[PDB]
Amino acid sequence: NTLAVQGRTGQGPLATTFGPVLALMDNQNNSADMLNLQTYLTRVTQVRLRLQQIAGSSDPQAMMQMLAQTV
Amino acid sequence: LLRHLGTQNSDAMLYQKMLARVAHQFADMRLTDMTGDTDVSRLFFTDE
């Protein structure tokens, strides 16, 4: 958001080179569907849940290998 | 003789050019996709 303050106007299209970086904050992804930062932070939370599960009091020396075969 | 037909048919359609006059005083074309909330409405859920 600090990087989103100082590049909103061209000063739409951005006359500075903060163009493609501010295409990640919320670009309203009209058919250029590569990634949004809203979606990418959700995939971090799934890995947070899975890495919390193995440490979750189920002998994590075993549950890690119990996940390591799934890869 | 034809002007009265041109004003009686205008009784449904002189408002239609007045409708175009109000159309040009409004910039609200399409309500900019029927804007729901601070949800994205282009990431999913009739996105486009």
# chains A, B, ... in the order shown; residues from 1 in each chain; ligands from 1
>>> interface_residues(of="chain A", to="chain B", cutoff="9 Å", atoms="only C-alpha atoms", output="list in words")
residues 26, 28, 29, 30, 31, 33 and 36 of chain A
>>> write_last_selection(atoms="C-alpha atoms", output="mmCIF file, in the first residue's frame")
data_model
loop_
_atom_site.group_PDB
_atom_site.id
_atom_site.type_symbol
_atom_site.label_atom_id
_atom_site.label_comp_id
_atom_site.auth_asym_id
_atom_site.auth_seq_id
_atom_site.Cartn_x
_atom_site.Cartn_y
_atom_site.Cartn_z
ATOM 1 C CA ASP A 26 -5.784 -4.714 -7.621
ATOM 2 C CA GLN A 28 -9.261 -5.405 -12.071
ATOM 3 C CA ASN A 29 -7.957 -8.292 -14.109
ATOM 4 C CA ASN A 30 -9.854 -7.916 -17.387
ATOM 5 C CA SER A 31 -8.738 -11.033 -19.329
ATOM 6 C CA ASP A 33 -5.448 -13.308 -15.816
ATOM 7 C CA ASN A 36 -3.422 -10.971 -8.317
#
>>> residues_around(residues="residue 8 in chain A", least_positions_apart="4", cutoff="12 Å", atoms="only C-alpha atoms", output="list in words")
residues 1, 2, 3, 4, 12, 13, 14, 15, 16, 17, 18, 19, 20, 21, 22, 23, 25, 26 and 27 of chain A
>>> write_last_selection(atoms="N, CA, C and O atoms", output="PDB file, in the first residue's frame")
ATOM      1  N   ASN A   1       0.820  -1.205   0.000  1.00  0.00           N
ATOM      2  CA  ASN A   1       0.000   0.000   0.000  1.00  0.00           C
ATOM      3  C   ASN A   1       0.855   1.257   0.000  1.00  0.00           C
ATOM      4  O   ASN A   1       0.458   2.266  -0.588  1.00  0.00           O
ATOM      5  N   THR A   2       2.019   1.213   0.656  1.00  0.00           N
ATOM      6  CA  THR A   2       2.995   2.294   0.539  1.00  0.00           C
ATOM      7  C   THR A   2       3.455   2.467  -0.904  1.00  0.00           C
ATOM      8  O   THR A   2       3.583   3.595  -1.394  1.00  0.00           O
ATOM      9  N   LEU A   3       3.686   1.358  -1.607  1.00  0.00           N
ATOM     10  CA  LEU A   3       4.005   1.441  -3.029  1.00  0.00           C
ATOM     11  C   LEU A   3       2.784   1.770  -3.882  1.00  0.00           C
ATOM     12  O   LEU A   3       2.944   2.178  -5.035  1.00  0.00           O
ATOM     13  N   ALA A   4       1.576   1.584  -3.351  1.00  0.00           N
ATOM     14  CA  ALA A   4       0.365   1.919  -4.089  1.00  0.00           C
ATOM     15  C   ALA A   4      -0.058   3.371  -3.927  1.00  0.00           C
ATOM     16  O   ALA A   4      -0.876   3.848  -4.721  1.00  0.00           O
ATOM     17  N   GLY A  12      -5.296   4.173 -14.161  1.00  0.00           N
ATOM     18  CA  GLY A  12      -5.109   4.024 -15.593  1.00  0.00           C
ATOM     19  C   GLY A  12      -3.670   3.744 -15.987  1.00  0.00           C
ATOM     20  O   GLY A  12      -2.975   3.003 -15.295  1.00  0.00           O
ATOM     21  N   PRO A  13      -3.223   4.323 -17.099  1.00  0.00           N
ATOM     22  CA  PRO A  13      -1.823   4.153 -17.499  1.00  0.00           C
ATOM     23  C   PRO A  13      -0.906   4.986 -16.620  1.00  0.00           C
ATOM     24  O   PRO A  13      -1.264   6.075 -16.166  1.00  0.00           O
ATOM     25  N   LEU A  14       0.292   4.457 -16.380  1.00  0.00           N
ATOM     26  CA  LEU A  14       1.242   5.054 -15.445  1.00  0.00           C
ATOM     27  C   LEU A  14       2.472   5.519 -16.213  1.00  0.00           C
ATOM     28  O   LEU A  14       3.200   4.699 -16.784  1.00  0.00           O
ATOM     29  N   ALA A  15       2.703   6.836 -16.215  1.00  0.00           N
ATOM     30  CA  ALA A  15       3.828   7.398 -16.956  1.00  0.00           C
ATOM     31  C   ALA A  15       5.160   7.062 -16.301  1.00  0.00           C
ATOM     32  O   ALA A  15       6.196   7.059 -16.976  1.00  0.00           O
ATOM     33  N   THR A  16       5.159   6.789 -15.001  1.00  0.00           N
ATOM     34  CA  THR A  16       6.350   6.287 -14.341  1.00  0.00           C
ATOM     35  C   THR A  16       6.483   4.785 -14.577  1.00  0.00           C
ATOM     36  O   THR A  16       5.593   4.132 -15.130  1.00  0.00           O
ATOM     37  N   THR A  17       7.611   4.230 -14.135  1.00  0.00           N
ATOM     38  CA  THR A  17       7.872   2.803 -14.257  1.00  0.00           C
ATOM     39  C   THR A  17       7.353   2.008 -13.066  1.00  0.00           C
ATOM     40  O   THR A  17       7.898   0.943 -12.755  1.00  0.00           O
ATOM     41  N   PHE A  18       6.330   2.515 -12.379  1.00  0.00           N
ATOM     42  CA  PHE A  18       5.561   1.746 -11.414  1.00  0.00           C
ATOM     43  C   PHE A  18       4.332   1.111 -12.042  1.00  0.00           C
ATOM     44  O   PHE A  18       3.399   0.743 -11.324  1.00  0.00           O
ATOM     45  N   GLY A  19       4.312   0.998 -13.367  1.00  0.00           N
ATOM     46  CA  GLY A  19       3.218   0.404 -14.101  1.00  0.00           C
ATOM     47  C   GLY A  19       2.952  -1.058 -13.792  1.00  0.00           C
ATOM     48  O   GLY A  19       1.897  -1.406 -13.253  1.00  0.00           O
ATOM     49  N   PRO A  20       3.887  -1.949 -14.145  1.00  0.00           N
ATOM     50  CA  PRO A  20       3.636  -3.382 -13.930  1.00  0.00           C
ATOM     51  C   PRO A  20       3.642  -3.803 -12.473  1.00  0.00           C
ATOM     52  O   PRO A  20       3.036  -4.832 -12.152  1.00  0.00           O
ATOM     53  N   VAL A  21       4.294  -3.056 -11.581  1.00  0.00           N
ATOM     54  CA  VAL A  21       4.265  -3.419 -10.167  1.00  0.00           C
ATOM     55  C   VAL A  21       2.901  -3.109  -9.566  1.00  0.00           C
ATOM     56  O   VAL A  21       2.391  -3.861  -8.728  1.00  0.00           O
ATOM     57  N   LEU A  22       2.281  -2.012  -9.998  1.00  0.00           N
ATOM     58  CA  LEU A  22       0.933  -1.666  -9.564  1.00  0.00           C
ATOM     59  C   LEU A  22      -0.150  -2.348 -10.387  1.00  0.00           C
ATOM     60  O   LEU A  22      -1.332  -2.037 -10.203  1.00  0.00           O
ATOM     61  N   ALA A  23       0.221  -3.251 -11.292  1.00  0.00           N
ATOM     62  CA  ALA A  23      -0.725  -4.188 -11.878  1.00  0.00           C
ATOM     63  C   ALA A  23      -0.923  -5.421 -11.011  1.00  0.00           C
ATOM     64  O   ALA A  23      -1.568  -6.375 -11.454  1.00  0.00           O
ATOM     65  N   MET A  25      -1.605  -4.945  -7.342  1.00  0.00           N
ATOM     66  CA  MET A  25      -2.309  -4.601  -6.109  1.00  0.00           C
ATOM     67  C   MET A  25      -3.795  -4.917  -6.217  1.00  0.00           C
ATOM     68  O   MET A  25      -4.320  -5.751  -5.473  1.00  0.00           O
ATOM     69  N   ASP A  26      -4.492  -4.241  -7.130  1.00  0.00           N
ATOM     70  CA  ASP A  26      -5.784  -4.714  -7.621  1.00  0.00           C
ATOM     71  C   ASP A  26      -5.942  -4.110  -9.013  1.00  0.00           C
ATOM     72  O   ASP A  26      -6.331  -2.947  -9.142  1.00  0.00           O
ATOM     73  N   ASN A  27      -5.643  -4.901 -10.035  1.00  0.00           N
ATOM     74  CA  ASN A  27      -5.613  -4.377 -11.388  1.00  0.00           C
ATOM     75  C   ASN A  27      -6.947  -4.494 -12.107  1.00  0.00           C
ATOM     76  O   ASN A  27      -7.039  -4.022 -13.247  1.00  0.00           O
TER      77      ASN A  27
END
>>> atom_distance(atom1="CA of residue 43 in chain A", atom2="CA of residue 35 in chain B")
27.4 Å
>>> atom_distance(atom1="CA of residue 67 in chain A", atom2="CA of residue 54 in chain A")
8.3 Å
>>> closest_residue(among="A:38, A:24, A:5, A:50", to="residue 63 in chain A", atoms="only C-alpha atoms")
A:50
>>> atom_distance(atom1="CA of residue 39 in chain B", atom2="CA of residue 11 in chain A")
27.8 Å
>>> select_by_dssp(residues="chain A", states="helix (DSSP H, G or I)", output="MDAnalysis selection string")
chainID A and resid 2:5 21:23 37:54 60:68
